[PDB]
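One structure is given below, encoded as structure tokens.
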Amino acid sequence: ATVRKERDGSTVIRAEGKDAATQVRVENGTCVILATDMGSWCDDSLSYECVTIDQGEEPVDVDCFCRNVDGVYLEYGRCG
Amino acid sequence: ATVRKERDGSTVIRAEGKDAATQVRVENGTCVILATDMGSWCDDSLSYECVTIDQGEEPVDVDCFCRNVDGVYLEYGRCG
Amino acid sequence: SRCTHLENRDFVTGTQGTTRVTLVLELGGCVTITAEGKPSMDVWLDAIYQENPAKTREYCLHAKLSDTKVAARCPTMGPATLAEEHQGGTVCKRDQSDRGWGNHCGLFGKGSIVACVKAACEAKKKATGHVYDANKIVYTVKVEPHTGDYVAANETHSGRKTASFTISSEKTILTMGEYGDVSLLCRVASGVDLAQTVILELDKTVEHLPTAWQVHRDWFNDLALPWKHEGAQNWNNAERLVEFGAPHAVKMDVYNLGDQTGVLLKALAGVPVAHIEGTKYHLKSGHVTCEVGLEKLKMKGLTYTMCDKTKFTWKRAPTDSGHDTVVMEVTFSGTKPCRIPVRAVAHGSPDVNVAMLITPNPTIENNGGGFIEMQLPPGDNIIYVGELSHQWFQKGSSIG
Amino acid sequence: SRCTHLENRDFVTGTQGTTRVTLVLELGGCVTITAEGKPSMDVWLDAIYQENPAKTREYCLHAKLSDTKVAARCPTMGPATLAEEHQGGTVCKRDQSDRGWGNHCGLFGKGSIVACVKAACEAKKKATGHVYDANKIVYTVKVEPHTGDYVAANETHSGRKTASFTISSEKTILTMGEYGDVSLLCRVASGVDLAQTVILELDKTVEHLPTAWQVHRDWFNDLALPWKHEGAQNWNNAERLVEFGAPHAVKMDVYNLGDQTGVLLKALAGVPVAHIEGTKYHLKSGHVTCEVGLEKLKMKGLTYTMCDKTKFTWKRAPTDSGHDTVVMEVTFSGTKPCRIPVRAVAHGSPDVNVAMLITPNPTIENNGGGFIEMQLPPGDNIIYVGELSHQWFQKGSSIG
């Protein structure tokens, strides 16, 4: 997984199939990617928020969540 | 256009786009191929009789006709 | 003759005095005109076409979806936006998602969710149209002597003449060689608003399909597909090939609605399949009305010698033409050119000629010649080509 | 807690004596069981699935047509054949064509014409099915203490226990750690013949589509597409994706009927989209009926000290849960472990506790702890977590 801090304050994790069920460290925080339908990078993509979960809270209805890092976004391609 | 005398007495002309509106000599006879939708050889093919027209008769509703040669068949692919 | 072979063949047999004949010529049919002291001509509507017709809108049969973005806001945090909503190259959906503490909201309730996708078209997956203009259509009418004379040397139709008309130029005189002149005044009758007739094509893929279809513009404009005019940046009504999934807290999937080729082809079953010959777009059905002028038609080979009675052979013996007439071909061993001594008699009446000839003065040319066509009364007849005979039984009434 | 977040959340509040509780657990919903002197448990139907279900027939969405042959006979010359007629890998059509002298027939009339084509399927253009078996389905029921305690160190759900049942094995006892034991006797009720339930998938192509759909076997078997059983040489009903053209003298074109993906997906709009997790094929909808046994459930942290009244802070102040209950989280600065002094009072009655606790003995653990859930009467109340107060107004009746 690649991490980039897009100049508009924001941050974007670009993940693949290999990145499923893994921990990625972003800034001082960490994000967990659970997205099952991931593939190689391409046009057939999906981009959405990777929610900051307040310390000691169970994530609910999210397949990408962060701790100690705000404004994280997830993007993945569905090729291969 | 290639001409082959398939052992079962029969004869088969295999034509392409280049062979449209041309004369091909088969045995002692000659055949005229007028088929407009012709292409490169492939699976998407069409095979049908190339009618023997009796000497001095106008061909009607045929896009492949022969003179002085019987049992001629036309095959072409529709690729490219 | 090409005309003898057609299911839709009509006869027009003028009288000794008739010089003008009114006819409806339909596409795919023919008319055999017979006039006394004149030869027989085969007249037919060969085509109604327009070259380079104005393109209509184009439709998308298969959408190429990409760069899907989902934006979400928490309950009481107002609405979620994406700039892609006020953009033409996209499809968007506003919905609400269940939110709470475990998905970064201080409140439990429904929160705003928006998903946007970039909609384009797949390569080779467009259905294109062209519309007609009465001001630009051309209609081709052919005339050929009904003699059954073909130049099977250079594979050329002998004596065939083509007259091209437009809405303005709708009068012509064709020179039938040694047979004189035939005048045509043809008025096209479409019955259908040509400006409301569309020819539909699909971009070629690997499967083999019909060339095109002739559809009504009403229908074509009502197709439930994204559309655009050639040159436009984006597709209009791109939302017709997109389906949004159930929204999760901050994610909402965007799906494709599949290739619409099958859908469209199901609709086109029973629609007339039309032809395109390069720049020429053809109306599959239509007709024209002509006033055919025969006054300047002259009989060929009048001063020719009469063929020797004993020099005949059956090339093709009397057979039913499929139009209540009898056709045949003879081979003449003697010296050419000459006029054929053809007649028919009903049993019991040797002295009466019953043959109403569709080919009025059959001649044996030094090239072609030998084809005779005739109408015979019902019953037992004997056909004579000189001394050469053949019995013929004629079926009663008509099987048409 | 996951359960607090769900739209379909039901409450079961037992009495002092109740030990057995009967429940219907639906997929996608949850139940919070509260019993006096016992802790609260969140019970839910997590899945109804079958691993490696029997494959049904497979259908062809796009036919690959090839090696088209046309055979024709002259009028009165009997019928035209091709061996391909008594073969399974083909589609054939017998028709009649107009014949005459100019197409090698001595007679003018209709002659026999047969066209045959080789029908297969395109790569990745199959729709496959799998059917269920009540004898092989498995249903997973989860139980977790309703305390809102998560190990956000190793991202593990603390105290969550999974019971797997089958039609035979439909009884279980789950050990809830330091909370004792909960017994479950679950009977699956499909309502739908599992042997008449099919899960439908489409071979992946470039477009993004739903995983699968849960359809009735009746419907699936009535799809107007060629079909076959995996392993079969040829497709049955291959004629469903073929269209024969108008026969010419000796030629008759064979066309494709297009990709049926769009057609099928139009039919699947409003059909529940189902999930597949490897070998596990999931029923999108269903429910189970359990008899939940609470007799062996013990209250955790009974002999713990009571938390100092002044050491509390609001982590998350009272908020509506969306189910007519109030949820909150506290931060306790003092020494752990201990029992929280939580109560609520209605204005005008300082001495009466009105808090009907959904989390019966809230404790501050040396790890987690601090979540309180309660039912409060309508009107103005004050919530107390020791000396820490917060006003709460409770909405009348229910908005459900």
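Here chain D follows Swiss-Prot, giving residues 281-680 in order.
Backbone N, Cα and C define each Cβ position, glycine as well.
Here the candidates are D:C310, D:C340, D:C354, and Swiss-Prot names D:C354 as the disulfide partner of D:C385.
When Swiss-Prot is consulted, the disulfide partner of D:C570, picked from D:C466, D:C587, D:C618, turns out to be D:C466. Checking the ranges D:294-307, D:336-349, D:378-391, D:448-461 against Swiss-Prot, the region 'Fusion peptide' annotation falls on D:378-391. The most crowded of the disulfide-bonded residues listed here (D:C396, D:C401, D:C466, D:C587, D:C618) is D:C587, judged by how many other CB atoms sit within 10 Å of its own CB. If you take the Cα of D:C283 (disulfide bond) and the Cα of D:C570 (disulfide bond), they are about 18 angstrom apart, rounded to a whole number. Closest in space to D:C340 (disulfide bond), of the disulfide-bonded residues given as D:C401, D:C466, D:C570, D:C587, D:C618, is D:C401, taking the CA atom of each residue. Look at the region 'Fusion peptide' (D:378-391): DSSP puts its residues at 3 helix, 5 strand, 6 coil. Every protein chain considered, the tally of other Cβ atoms within 10 Å of the Cβ of D:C570 (disulfide bond) stands at 23.
If you measure from the Cα atom of D:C310 (disulfide bond) to that of D:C401 (disulfide bond), you get 45 Å. Geometry remark: D:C354 (disulfide bond) versus D:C466 (disulfide bond), CA distance 74 Å. DSSP assigns D:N434 (N-linked glycosylation site) to coil in the three-state reduction, placing it in neither a helix nor a strand.
Of D:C372, D:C385, D:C466, D:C587, all annotated as disulfide-bonded residues, the residue with the shortest Cα distance to D:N434 (N-linked glycosylation site) is D:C587.
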